[PDB]
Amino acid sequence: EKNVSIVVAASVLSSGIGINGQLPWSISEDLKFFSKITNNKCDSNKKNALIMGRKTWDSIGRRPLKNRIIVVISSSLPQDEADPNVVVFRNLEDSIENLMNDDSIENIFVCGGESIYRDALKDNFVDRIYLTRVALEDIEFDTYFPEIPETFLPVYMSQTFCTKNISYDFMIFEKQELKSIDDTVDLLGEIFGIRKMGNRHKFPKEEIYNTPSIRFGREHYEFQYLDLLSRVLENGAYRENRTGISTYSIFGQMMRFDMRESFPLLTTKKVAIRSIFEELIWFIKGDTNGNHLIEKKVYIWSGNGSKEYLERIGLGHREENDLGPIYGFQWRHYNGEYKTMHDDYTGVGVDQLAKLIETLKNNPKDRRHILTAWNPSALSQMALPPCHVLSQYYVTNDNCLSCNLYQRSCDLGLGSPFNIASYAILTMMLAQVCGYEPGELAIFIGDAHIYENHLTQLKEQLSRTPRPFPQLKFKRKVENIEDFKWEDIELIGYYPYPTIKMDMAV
């Protein structure tokens, strides 16, 4: 009685694993994973057995695998005894003889094609499933991985990796069949109420926790956002704000995202990446004209730039969509005397973005690569004070550019997915202009809140198991950061869940 595990690499949506007798992709790291996961053993005097179908045995050149014993399922192959590393059985049930005897076999792995996978799950022989999810769907398949039965639950999901602009994940599925520290903390939590800080940061309940079966393997960095939703639903205080829509709010959170091997664009919901870019380049250019975004069919600033809203906050003198000195006016003309959105501000104010790029490549290890937008002298003129307030940038020893961002107020339903992708793109732009690679992205949040009209929507989003992040590459190398265009961005391998409509609070 030992362990039996399935090893498979399937596509993310349709679970395709083969085409025309070979693999539909070439990922080197996945083959290394297959080697290390099938060679992983505890006894040096024992070997592992790899069960595979005959057609898979043909696709690997009919040659043995080092340090392992291959078990081929076939009705026609001669049961040869010359090769001790290759044995042939007539059916999958009889091949389960590494259990009954052969104590020199420690672990059993199922690697065969669709027929072997389907018959191993149907006859209930499989204990574990090692799945490599590949982000390739618009190609042709003829061999698929069968649907994972409900008796299996995921326990691990790795971060997204990249090979030749292809995103892929690693997951583990398991078949579902000291207390002294926990008890003491509970007793202290009964004596002290909310005086114990742990009771103010309660672990989210299972009903609001995305994919609860993954407890110790929440490596995929989309959980950094999803678990933040769960933490708010668990501890968020019902509070009113300047809008008529109340929120559930907590204070002091953070999220980490990798940018070396993937692009942190949420997969549990279709995110409007084009509107995100158009807003970012609108900041970079130094523009505060709200019409330029509406002319490009981007209406994210329409609510905070209407005639009724502007007059309500005391800016009735302002033109229709003139938002005032905001992001991109403190970036390029900090402390500049603002008149209207039509005047020429070239030369006035401090150009932080220019000096930032200049300092990033002339003094990389400097500890002052800071871009700020909080200007107390201009807040009264702003249609909306800065939410993403201050950002800092960091050049690693291996020439990577990381970014920290502090956000005073975070609309988790709408603003947060935009802010994650926006500053991810901006860090990539700064990396190309300064000659670096993307690093890490950390976002530190003040008032993290959820609007009460987003509860049904965000709970729906929490029911969706995350998918591997896509890749985002630039088609050309620009000479100035202001020259970026939407056509220069290529989004590779983005297969999200359907979009979720949520209303913005004005």
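Between two forms, the rigid core is the largest collection of C-alphas that superpose within 1.5 Å. Sequential numbering from 1, following the sequence displayed.
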For this session: Find the stretch among 98-106 and 163-171 with the larger RMS C-alpha deviation in 8 other deposited structures of this protein, all structures being superposed on the shown form by the rigid core.
Result: 98-106
For this session: Figure out for me whether 178-186 or 207-215 is the more displaced stretch in 8 other deposited structures of this protein, taking RMS C-alpha distance from the shown form once the rigid core is superposed.
Result: 178-186
Problem set entry | Residues of the deposited sequence left unbuilt between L178 and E177 | 10 or more
For this session: Identify the stretch, either 94-102 or 117-125, whose C-alpha atoms have the larger mean B-factor according to the entry.
Result: 94-102
Exercise. Do the C-alpha atoms of 475-483 or of 446-454 have the higher average B factor in the entry?
Worked result: 475-483
Exercise. Out of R368, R318, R260, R195, which one has a C-alpha B factor higher than all the others in the entry?
Worked result: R318
Exercise. Which one of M255, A424, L153, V298 shows the top CA temperature factor in the record?
Worked result: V298
Exercise. Should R464 be placed in the lowest, middle or highest third of its chain by the C-alpha B factor in the entry?
Worked result: lowest
For this session: Going by the recorded CA B-factors, say which third of the chain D411 sits in, lowest, middle or highest.
Result: lowest
Exercise. Hey, what third does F141 fall into on Cα B-factor, ranked over its chain?
Worked result: middle
For this session: Give the position of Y130 by CA B-factor within its chain, expressed as the lowest, middle or highest third.
Result: lowest
Exercise. Hey, what third does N67 fall into on Cα B-factor, ranked over its chain?
Worked result: middle
